[PDB]
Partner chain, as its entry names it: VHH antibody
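Taking the form deposited without the partner chain, here's one chain by itself in structure tokens.
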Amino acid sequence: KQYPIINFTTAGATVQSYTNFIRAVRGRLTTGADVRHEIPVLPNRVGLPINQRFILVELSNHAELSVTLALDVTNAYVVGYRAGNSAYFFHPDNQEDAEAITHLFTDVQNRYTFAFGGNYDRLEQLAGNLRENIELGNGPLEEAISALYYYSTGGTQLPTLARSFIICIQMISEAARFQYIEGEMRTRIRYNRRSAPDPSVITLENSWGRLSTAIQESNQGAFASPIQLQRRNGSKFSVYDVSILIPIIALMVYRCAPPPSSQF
């Protein structure tokens, strides 16, 4: 049984095609049957069958270069990719995840696990650039696809590989996670523009795990403790309740089972 495949091309991309792409990714990441305070939760990793663990995102551009990203359904994040007859995985954090990724791209004749992890702190260091310095948009995505492809032939150096991961992860994983980030990508596509993400985007990305926990552990939506976010201009503000995040967050990582509901 193959993992589900979702296709997207930068060639002639529209707001509509990108919209359909992100909605399809979300649909394959979770059933949406588990909802807390009007926000959907990703599958619990506990007891999750290996054949349901990943989804594949096939990306191509006008040059007819193609790469395939693998996303973990439990967190929507990129764990590795394939280009031609080679595949590359971020360093697994534990033995069980190392075992899990052996189920991905199993026909590839060239298989590599990077020593480094795929978190932004690491990728930014390797890239020599922060997320706030890296342009996003259809053009950057087209270029990232090419760079990921050429890595397998020695045509791309590590810093550019890292930058390309930063682009793909945000425009796919983070867009899936946040309606708000998807919307920021829509604007770029609409006007065929490219630009680095503002502080509101970056801080949402940084806060996704913490927001997931705050929401799922909340007392009727009320947070135990406030979480600080940023506005588009960088100014800081505090969130005390799930309410304002409902139009912002599309998916949460599973943190706990919901409080038992009474039959009355």
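Numbering follows the first chain given and starts at 1. Take the two forms, find the largest set of C-alpha atoms that superpose within 1.5 Å, and that set is the rigid core. Only residues modelled in both forms are compared.
Omitted here: the form solved in complex with the partner chain. The next part is about that form.
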Worksheet entry | the partner chain contact at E58 in the entry with it bound, heavy atom, 4.5 Å | no
Fill in: Distance check, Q230 to the partner chain in the entry with it bound, heavy atom within 4.5 Å
yes
Worksheet item: Contact between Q52 and the partner chain in the entry with it bound at 4.5 Å, heavy atoms?
Response: no
Item to complete: Can you tell me which bits of 229-256 touch the partner chain in the entry with it bound, meaning any heavy atom within 4.5 Å?
Response: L229, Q230, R231, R232, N233, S235, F237, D241, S243, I244, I246, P247, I248
Worksheet item: Looking at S195, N51, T31, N219, which has a Cα shift of 2 angstroms or more between the shown form and the other one when the rigid core is held fixed?
Response: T31
Item to complete: Superpose the two forms on their rigid core, then report whether the C-alpha of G209 is displaced by 2 angstroms or more between the shown form and the other one.
Response: no
Discussion item. So the CA-CA distance for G32 and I50 moves by at least 3 angstroms in the entry with it bound. Closer or farther than here?
Written reply: closer
Practice prompt. Once you account for a change of 3 Å or more, let me know if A33 and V57 sit closer or farther in the entry with it bound, using their C-alpha atoms.
Written response: closer
Worksheet entry | Large-shift segments between the shown form and the other one, meaning 3+ residue runs whose Cα move 2 Å or more when the rigid core is superposed | 31-33, 233-235
